[PDB]
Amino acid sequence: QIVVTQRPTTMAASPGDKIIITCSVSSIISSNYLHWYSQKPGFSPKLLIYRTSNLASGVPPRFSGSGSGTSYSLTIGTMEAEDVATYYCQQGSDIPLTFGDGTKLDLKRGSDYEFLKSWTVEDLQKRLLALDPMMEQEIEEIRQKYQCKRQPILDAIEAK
């Protein structure tokens, strides 16, 4: 099994900061087999970079990737607030296919009015709307949890 290790596990940054996420592989692979994905909270993963350095369609030019052998990296030249996400690397060299544990990129002081007031109205709006799919995901998890709690009780009532 090819083990995939990401650093950091979590980080908090401000819009404007450079971001580097590293991926370390337990044996050498070709640069054609190392890919990156992003996942906005409340959404499914999406391909970000393929074959180490190629941007997937719709990915803006602030993203880049490099590396070879066992050491790979993803770089965001200048973070934007919309880049808050979890990022995953993946090897496609051999079975079993494996992913890194993920790197969660959060906003530094993201709920601070003093920081937020300098943002554009467009960017504040995007951030506001990014919260609703997160909330909905958490609510659906609670509903599923309670569906499972109901089940053995319903079965016992039905069994009389």
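From 1 onward, residues are counted along the sequence shown.
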- Message: On mean Cα temperature factor in this entry, is 34-42 or 104-112 the higher one?
- Response: 104-112
- Note on the structure: Binned into thirds over the chain's modelled residues, the C-alpha B-factor of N54 lands in the middle
- Thinking about Cα B factors across the chain, which third does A12 belong to? middle
- Message: When the deposited Cα B-factors of this chain's modelled residues are ordered and cut into thirds, is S66 in the lowest, the middle or the highest one?
- Response: middle
- C-alpha B factor of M134, ranked within the chain: lowest, middle or highest third? middle
- Against its chain's modelled residues, does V25's Cα B factor rank lowest, middle or highest third? highest
